[PDB]
Amino acid sequence: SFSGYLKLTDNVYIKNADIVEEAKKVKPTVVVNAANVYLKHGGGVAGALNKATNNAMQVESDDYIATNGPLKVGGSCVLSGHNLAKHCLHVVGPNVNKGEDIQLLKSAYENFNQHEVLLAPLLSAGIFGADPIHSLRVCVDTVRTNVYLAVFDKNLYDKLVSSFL
Ligand SMILES: COc1ccc(NC(=O)Nc2ccncc2)cc1
């Protein structure tokens with residue numbers, strides 16, 4: 001199971017780790033992808049998870065979009081986890097850099113409540129432009145199921161833990 005995580009709350013845990021490496025080792029039931037509405041996994045967590053699947057995640061995602069159209073900002077879909085997890089929950093947090101509404105971050109985290117345990121990144125953090133301290137706050141105040149957060153950046157991880165209320 002998950003190892004080396006620091007307990008933040010009754011249901012939220014955190015570790016300084018690359019979510020790709022965490023997924024390959026743990027093979028959780030659900031890994032969350034920091035997706036965009038088009039499921040175009042170019043960079044950030046999405047690009048890294050997709051590269052770990054040898055692009056199988058992108059091929060599956062393009063078929064999903066061809067059939068269903070784009071997701072909503074704040075929405076999600078469940079697809080295969082390929083070699084990383086049983087499932088991948090592709091969640092679209094608002095991209096602040098694209099002028100998307102930050103208030104949609106709570107809606108994005110609500111998707112996690114449909115899964116009893118998840119390996120996840122902080123939504124809307126990184127290249128999505130939101131303040132990761134705010135993302136962690138919304139996570140702890142929204143998600144009720146067991147969430148194991150992987151924070152890639154060591155310095156951000158230390159700031160997140162040391163500043164956690
Ligand atoms: C062998 O090629 C590799 C390429 C990329 C990664 N990981 C990576 O970029 N992870 C990431 C985590 C959080 N935010 C953004 C990115 C690992 C191996």
# chains A, B, ... in the order shown; residues from 1 in each chain; ligands from 1

$ select_by_dssp --residues "region 84-164 of chain A" --states "alpha helix (DSSP H)" --output "PDB file with N, CA, C and O atoms, in the first residue's frame"
ATOM      1  N   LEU A 105     -12.612  25.060  -8.450  1.00  0.00           N
ATOM      2  CA  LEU A 105     -11.711  24.095  -7.852  1.00  0.00           C
ATOM      3  C   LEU A 105     -12.442  23.179  -6.866  1.00  0.00           C
ATOM      4  O   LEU A 105     -12.161  21.975  -6.830  1.00  0.00           O
ATOM      5  N   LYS A 106     -13.399  23.724  -6.083  1.00  0.00           N
ATOM      6  CA  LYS A 106     -14.153  22.866  -5.167  1.00  0.00           C
ATOM      7  C   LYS A 106     -14.970  21.819  -5.939  1.00  0.00           C
ATOM      8  O   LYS A 106     -14.904  20.642  -5.609  1.00  0.00           O
ATOM      9  N   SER A 107     -15.618  22.232  -7.041  1.00  0.00           N
ATOM     10  CA  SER A 107     -16.348  21.282  -7.903  1.00  0.00           C
ATOM     11  C   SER A 107     -15.427  20.180  -8.443  1.00  0.00           C
ATOM     12  O   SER A 107     -15.790  18.998  -8.426  1.00  0.00           O
ATOM     13  N   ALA A 108     -14.199  20.560  -8.849  1.00  0.00           N
ATOM     14  CA  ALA A 108     -13.236  19.588  -9.331  1.00  0.00           C
ATOM     15  C   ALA A 108     -12.895  18.566  -8.240  1.00  0.00           C
ATOM     16  O   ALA A 108     -12.905  17.362  -8.495  1.00  0.00           O
ATOM     17  N   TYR A 109     -12.628  19.049  -6.995  1.00  0.00           N
ATOM     18  CA  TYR A 109     -12.310  18.124  -5.910  1.00  0.00           C
ATOM     19  C   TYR A 109     -13.481  17.217  -5.538  1.00  0.00           C
ATOM     20  O   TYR A 109     -13.271  16.081  -5.103  1.00  0.00           O
ATOM     21  N   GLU A 110     -14.719  17.687  -5.744  1.00  0.00           N
ATOM     22  CA  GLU A 110     -15.890  16.850  -5.429  1.00  0.00           C
ATOM     23  C   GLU A 110     -15.907  15.526  -6.190  1.00  0.00           C
ATOM     24  O   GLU A 110     -16.412  14.520  -5.685  1.00  0.00           O
ATOM     25  N   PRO A 132      -0.911  26.546  -4.800  1.00  0.00           N
ATOM     26  CA  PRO A 132      -1.030  25.190  -4.248  1.00  0.00           C
ATOM     27  C   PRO A 132      -1.488  25.151  -2.787  1.00  0.00           C
ATOM     28  O   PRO A 132      -2.125  24.179  -2.380  1.00  0.00           O
ATOM     29  N   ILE A 133      -1.163  26.202  -2.005  1.00  0.00           N
ATOM     30  CA  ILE A 133      -1.625  26.260  -0.614  1.00  0.00           C
ATOM     31  C   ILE A 133      -3.172  26.332  -0.580  1.00  0.00           C
ATOM     32  O   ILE A 133      -3.819  25.635   0.200  1.00  0.00           O
ATOM     33  N   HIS A 134      -3.743  27.141  -1.478  1.00  0.00           N
ATOM     34  CA  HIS A 134      -5.190  27.230  -1.631  1.00  0.00           C
ATOM     35  C   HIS A 134      -5.763  25.875  -2.113  1.00  0.00           C
ATOM     36  O   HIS A 134      -6.775  25.423  -1.575  1.00  0.00           O
ATOM     37  N   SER A 135      -5.101  25.215  -3.075  1.00  0.00           N
ATOM     38  CA  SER A 135      -5.575  23.920  -3.566  1.00  0.00           C
ATOM     39  C   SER A 135      -5.624  22.869  -2.452  1.00  0.00           C
ATOM     40  O   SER A 135      -6.589  22.113  -2.354  1.00  0.00           O
ATOM     41  N   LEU A 136      -4.594  22.832  -1.590  1.00  0.00           N
ATOM     42  CA  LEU A 136      -4.580  21.887  -0.474  1.00  0.00           C
ATOM     43  C   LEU A 136      -5.712  22.164   0.501  1.00  0.00           C
ATOM     44  O   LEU A 136      -6.355  21.232   0.970  1.00  0.00           O
ATOM     45  N   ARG A 137      -5.985  23.437   0.752  1.00  0.00           N
ATOM     46  CA  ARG A 137      -7.065  23.873   1.642  1.00  0.00           C
ATOM     47  C   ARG A 137      -8.408  23.401   1.088  1.00  0.00           C
ATOM     48  O   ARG A 137      -9.187  22.767   1.804  1.00  0.00           O
ATOM     49  N   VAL A 138      -8.640  23.623  -0.210  1.00  0.00           N
ATOM     50  CA  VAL A 138      -9.894  23.182  -0.846  1.00  0.00           C
ATOM     51  C   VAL A 138      -9.997  21.664  -0.815  1.00  0.00           C
ATOM     52  O   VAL A 138     -11.069  21.117  -0.518  1.00  0.00           O
ATOM     53  N   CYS A 139      -8.887  20.962  -1.062  1.00  0.00           N
ATOM     54  CA  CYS A 139      -8.854  19.519  -0.979  1.00  0.00           C
ATOM     55  C   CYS A 139      -9.307  19.005   0.401  1.00  0.00           C
ATOM     56  O   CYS A 139     -10.233  18.200   0.500  1.00  0.00           O
ATOM     57  N   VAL A 140      -8.664  19.488   1.469  1.00  0.00           N
ATOM     58  CA  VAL A 140      -8.988  19.030   2.810  1.00  0.00           C
ATOM     59  C   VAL A 140     -10.420  19.389   3.212  1.00  0.00           C
ATOM     60  O   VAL A 140     -11.047  18.624   3.938  1.00  0.00           O
ATOM     61  N   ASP A 141     -10.937  20.516   2.723  1.00  0.00           N
ATOM     62  CA  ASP A 141     -12.292  20.954   3.046  1.00  0.00           C
ATOM     63  C   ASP A 141     -13.376  20.387   2.122  1.00  0.00           C
ATOM     64  O   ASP A 141     -14.558  20.676   2.339  1.00  0.00           O
ATOM     65  N   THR A 142     -12.994  19.625   1.084  1.00  0.00           N
ATOM     66  CA  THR A 142     -13.972  19.101   0.123  1.00  0.00           C
ATOM     67  C   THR A 142     -13.992  17.595   0.064  1.00  0.00           C
ATOM     68  O   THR A 142     -15.061  16.975  -0.008  1.00  0.00           O
ATOM     69  N   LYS A 154      10.015  19.388  -3.929  1.00  0.00           N
ATOM     70  CA  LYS A 154      10.375  19.290  -2.496  1.00  0.00           C
ATOM     71  C   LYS A 154      10.130  20.584  -1.726  1.00  0.00           C
ATOM     72  O   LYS A 154       9.566  20.563  -0.632  1.00  0.00           O
ATOM     73  N   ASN A 155      10.548  21.709  -2.295  1.00  0.00           N
ATOM     74  CA  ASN A 155      10.395  23.001  -1.640  1.00  0.00           C
ATOM     75  C   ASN A 155       8.917  23.382  -1.445  1.00  0.00           C
ATOM     76  O   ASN A 155       8.547  23.913  -0.401  1.00  0.00           O
ATOM     77  N   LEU A 156       8.069  23.057  -2.435  1.00  0.00           N
ATOM     78  CA  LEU A 156       6.640  23.303  -2.313  1.00  0.00           C
ATOM     79  C   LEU A 156       6.058  22.358  -1.265  1.00  0.00           C
ATOM     80  O   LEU A 156       5.286  22.804  -0.424  1.00  0.00           O
ATOM     81  N   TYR A 157       6.465  21.082  -1.276  1.00  0.00           N
ATOM     82  CA  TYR A 157       6.020  20.117  -0.266  1.00  0.00           C
ATOM     83  C   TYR A 157       6.293  20.650   1.175  1.00  0.00           C
ATOM     84  O   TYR A 157       5.401  20.673   2.025  1.00  0.00           O
ATOM     85  N   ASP A 158       7.532  21.123   1.416  1.00  0.00           N
ATOM     86  CA  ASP A 158       7.887  21.649   2.740  1.00  0.00           C
ATOM     87  C   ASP A 158       7.042  22.848   3.120  1.00  0.00           C
ATOM     88  O   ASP A 158       6.593  22.948   4.257  1.00  0.00           O
ATOM     89  N   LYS A 159       6.793  23.747   2.170  1.00  0.00           N
ATOM     90  CA  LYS A 159       5.973  24.922   2.415  1.00  0.00           C
ATOM     91  C   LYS A 159       4.512  24.496   2.709  1.00  0.00           C
ATOM     92  O   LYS A 159       3.869  25.035   3.596  1.00  0.00           O
ATOM     93  N   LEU A 160       4.012  23.498   1.971  1.00  0.00           N
ATOM     94  CA  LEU A 160       2.644  23.007   2.147  1.00  0.00           C
ATOM     95  C   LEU A 160       2.469  22.437   3.546  1.00  0.00           C
ATOM     96  O   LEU A 160       1.488  22.756   4.223  1.00  0.00           O
ATOM     97  N   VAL A 161       3.411  21.599   3.969  1.00  0.00           N
ATOM     98  CA  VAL A 161       3.323  20.975   5.290  1.00  0.00           C
ATOM     99  C   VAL A 161       3.499  21.997   6.404  1.00  0.00           C
ATOM    100  O   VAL A 161       2.677  22.071   7.325  1.00  0.00           O
ATOM    101  N   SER A 162       4.565  22.802   6.310  1.00  0.00           N
ATOM    102  CA  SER A 162       4.874  23.793   7.333  1.00  0.00           C
ATOM    103  C   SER A 162       3.829  24.873   7.465  1.00  0.00           C
ATOM    104  O   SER A 162       3.686  25.421   8.546  1.00  0.00           O
TER     105      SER A 162
END

$ select_by_dssp --residues "region 18-60 of chain A" --states "strand (DSSP E or B)" --output "PyMOL selection string"
chain A and resi 30-34

$ write_last_selection --atoms "C-alpha atoms" --output "compact mmCIF listing (two decimals), in the first residue's frame"
# COMPACT_ATOMS: atom_id res chain seq x y z
CA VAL A 30 -7.34 5.17 -8.84
CA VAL A 31 -4.73 7.65 -9.96
CA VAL A 32 -6.02 11.18 -10.61
CA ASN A 33 -4.82 13.01 -13.68
CA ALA A 34 -4.69 16.82 -13.80

$ residues_near_ligand --ligand "ligand 1" --cutoff "12 Å" --atoms "only C-alpha atoms and all ligand atoms" --output "PyMOL selection string"
chain A and resi 16-24+32-35+41-54+120-128+132+149-154+156-157

$ write_last_selection --atoms "N, CA and C atoms" --output "tab-separated table (two decimals), in the first residue's frame"
chain	number	residue	atom	x	y	z
A	16	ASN	N	6.24	13.92	-0.70
A	16	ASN	CA	7.02	14.59	-1.74
A	16	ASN	C	7.41	13.46	-2.68
A	17	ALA	N	6.72	13.37	-3.82
A	17	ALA	CA	6.98	12.27	-4.73
A	17	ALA	C	6.49	12.65	-6.12
A	18	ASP	N	7.05	11.97	-7.11
A	18	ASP	CA	6.57	12.10	-8.46
A	18	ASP	C	5.39	11.13	-8.53
A	19	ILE	N	4.21	11.64	-8.87
A	19	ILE	CA	3.02	10.82	-8.97
A	19	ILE	C	3.17	9.67	-9.97
A	20	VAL	N	4.02	9.84	-11.01
A	20	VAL	CA	4.28	8.77	-11.98
A	20	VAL	C	4.99	7.63	-11.29
A	21	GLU	N	6.05	7.94	-10.50
A	21	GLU	CA	6.79	6.91	-9.79
A	21	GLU	C	5.95	6.25	-8.72
A	22	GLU	N	5.11	7.05	-8.01
A	22	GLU	CA	4.20	6.55	-6.98
A	22	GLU	C	3.22	5.58	-7.60
A	23	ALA	N	2.65	5.96	-8.76
A	23	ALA	CA	1.70	5.10	-9.43
A	23	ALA	C	2.35	3.80	-9.88
A	24	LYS	N	3.55	3.83	-10.49
A	24	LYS	CA	4.21	2.61	-10.94
A	24	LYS	C	4.53	1.65	-9.82
A	32	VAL	N	-5.39	10.01	-10.04
A	32	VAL	CA	-6.02	11.18	-10.61
A	32	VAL	C	-5.06	11.86	-11.57
A	33	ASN	N	-5.56	12.21	-12.75
A	33	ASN	CA	-4.82	13.01	-13.68
A	33	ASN	C	-5.32	14.45	-13.61
A	34	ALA	N	-4.39	15.41	-13.70
A	34	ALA	CA	-4.69	16.82	-13.80
A	34	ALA	C	-4.95	17.09	-15.29
A	35	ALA	N	-6.17	16.80	-15.70
A	35	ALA	CA	-6.58	16.86	-17.08
A	35	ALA	C	-7.08	18.23	-17.52
A	41	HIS	N	-3.02	15.47	-23.14
A	41	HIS	CA	-2.05	15.27	-22.05
A	41	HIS	C	-0.65	15.70	-22.48
A	42	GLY	N	-0.45	16.99	-22.62
A	42	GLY	CA	0.81	17.49	-23.18
A	42	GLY	C	1.94	17.71	-22.21
A	43	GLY	N	1.60	18.22	-21.05
A	43	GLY	CA	2.63	18.58	-20.08
A	43	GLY	C	2.12	18.49	-18.67
A	44	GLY	N	2.94	18.91	-17.72
A	44	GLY	CA	2.59	18.78	-16.31
A	44	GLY	C	2.37	17.33	-15.91
A	45	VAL	N	1.50	17.10	-14.92
A	45	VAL	CA	1.16	15.75	-14.50
A	45	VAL	C	0.59	14.92	-15.67
A	46	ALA	N	-0.28	15.53	-16.48
A	46	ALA	CA	-0.92	14.80	-17.58
A	46	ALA	C	0.09	14.30	-18.60
A	47	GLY	N	1.03	15.15	-18.98
A	47	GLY	CA	2.08	14.75	-19.92
A	47	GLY	C	2.95	13.65	-19.37
A	48	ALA	N	3.28	13.76	-18.06
A	48	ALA	CA	4.09	12.75	-17.42
A	48	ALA	C	3.37	11.41	-17.28
A	49	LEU	N	2.07	11.42	-16.85
A	49	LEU	CA	1.32	10.15	-16.75
A	49	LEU	C	1.16	9.53	-18.13
A	50	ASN	N	0.83	10.36	-19.14
A	50	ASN	CA	0.65	9.84	-20.47
A	50	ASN	C	1.96	9.21	-21.01
A	51	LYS	N	3.10	9.90	-20.82
A	51	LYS	CA	4.38	9.36	-21.29
A	51	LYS	C	4.68	8.00	-20.62
A	52	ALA	N	4.30	7.85	-19.33
A	52	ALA	CA	4.51	6.58	-18.62
A	52	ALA	C	3.68	5.43	-19.22
A	53	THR	N	2.53	5.76	-19.84
A	53	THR	CA	1.71	4.76	-20.51
A	53	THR	C	2.13	4.54	-21.97
A	54	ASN	N	3.26	5.11	-22.41
A	54	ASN	CA	3.70	4.96	-23.79
A	54	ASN	C	2.64	5.52	-24.76
A	120	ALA	N	-3.36	11.21	-5.92
A	120	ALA	CA	-3.67	12.41	-6.66
A	120	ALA	C	-2.67	13.50	-6.57
A	121	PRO	N	-2.66	14.39	-7.56
A	121	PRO	CA	-1.89	15.63	-7.43
A	121	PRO	C	-2.81	16.73	-6.87
A	122	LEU	N	-2.25	17.88	-6.48
A	122	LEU	CA	-3.06	19.03	-6.09
A	122	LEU	C	-3.67	19.64	-7.34
A	123	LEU	N	-5.00	19.71	-7.39
A	123	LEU	CA	-5.68	20.23	-8.59
A	123	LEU	C	-5.41	21.69	-8.79
A	124	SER	N	-5.28	22.09	-10.06
A	124	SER	CA	-5.04	23.46	-10.50
A	124	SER	C	-3.67	24.01	-10.07
A	125	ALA	N	-2.83	23.19	-9.46
A	125	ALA	CA	-1.48	23.60	-9.07
A	125	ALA	C	-0.54	23.42	-10.33
A	126	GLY	N	0.75	23.70	-10.16
A	126	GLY	CA	1.69	23.55	-11.25
A	126	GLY	C	1.36	24.46	-12.40
A	127	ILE	N	1.40	23.90	-13.62
A	127	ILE	CA	1.16	24.69	-14.82
A	127	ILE	C	-0.29	25.19	-14.95
A	128	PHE	N	-1.22	24.75	-14.06
A	128	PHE	CA	-2.57	25.27	-14.06
A	128	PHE	C	-2.67	26.65	-13.36
A	132	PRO	N	-0.91	26.55	-4.80
A	132	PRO	CA	-1.03	25.19	-4.25
A	132	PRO	C	-1.49	25.15	-2.79
A	149	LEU	N	-1.88	12.54	-1.60
A	149	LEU	CA	-1.37	13.58	-2.46
A	149	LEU	C	0.09	13.43	-2.70
A	150	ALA	N	0.48	13.46	-3.97
A	150	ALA	CA	1.88	13.43	-4.35
A	150	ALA	C	2.27	14.85	-4.82
A	151	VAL	N	3.25	15.48	-4.15
A	151	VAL	CA	3.71	16.80	-4.51
A	151	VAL	C	5.11	16.63	-5.05
A	152	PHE	N	5.28	16.89	-6.34
A	152	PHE	CA	6.56	16.67	-7.01
A	152	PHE	C	7.71	17.50	-6.45
A	153	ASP	N	7.44	18.80	-6.27
A	153	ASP	CA	8.44	19.78	-5.86
A	153	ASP	C	8.75	19.70	-4.34
A	154	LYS	N	10.02	19.39	-3.93
A	154	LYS	CA	10.37	19.29	-2.50
A	154	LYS	C	10.13	20.58	-1.73
A	156	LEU	N	8.07	23.06	-2.43
A	156	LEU	CA	6.64	23.30	-2.31
A	156	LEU	C	6.06	22.36	-1.26
A	157	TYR	N	6.47	21.08	-1.28
A	157	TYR	CA	6.02	20.12	-0.27
A	157	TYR	C	6.29	20.65	1.18

$ residues_around --residues "region 90-92 of chain A" --least-positions-apart "2" --cutoff "8 Å" --atoms "only C-alpha atoms" --output "list in words"
residues 32, 33, 34, 35, 36, 37, 39, 71, 72, 73, 74, 75, 76, 77, 78, 79, 88, 94, 108, 111 and 123 of chain A

$ residues_around --residues "residue 66 (chain A)" --least-positions-apart "6" --cutoff "12 Å" --atoms "only C-alpha atoms" --output "list in words"
residues 38, 39, 59 and 60 of chain A

$ residues_around --residues "residue 6 (chain A)" --least-positions-apart "3" --cutoff "8 Å" --atoms "only C-alpha atoms" --output "list in words"
residues 13, 14 and 15 of chain A

$ write_last_selection --atoms "N, CA, C and O atoms" --output "PDB file, in the first residue's frame"
ATOM      1  N   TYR A  13      -3.569  12.662   3.132  1.00  0.00           N
ATOM      2  CA  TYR A  13      -2.161  12.315   3.341  1.00  0.00           C
ATOM      3  C   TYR A  13      -1.323  12.976   2.254  1.00  0.00           C
ATOM      4  O   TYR A  13      -1.822  13.213   1.151  1.00  0.00           O
ATOM      5  N   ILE A  14      -0.046  13.251   2.540  1.00  0.00           N
ATOM      6  CA  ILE A  14       0.796  13.950   1.567  1.00  0.00           C
ATOM      7  C   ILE A  14       2.211  13.406   1.560  1.00  0.00           C
ATOM      8  O   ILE A  14       2.712  12.983   2.591  1.00  0.00           O
ATOM      9  N   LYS A  15       2.854  13.400   0.395  1.00  0.00           N
ATOM     10  CA  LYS A  15       4.221  12.914   0.245  1.00  0.00           C
ATOM     11  C   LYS A  15       4.926  13.715  -0.847  1.00  0.00           C
ATOM     12  O   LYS A  15       4.288  14.155  -1.814  1.00  0.00           O
TER      13      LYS A  15
END

$ atom_distance --atom1 "CA of residue 147 (chain A)" --atom2 "CA of residue 84 (chain A)"
16.5 Å

$ atom_distance --atom1 "CA of residue 57 (chain A)" --atom2 "CA of residue 40 (chain A)"
9.8 Å
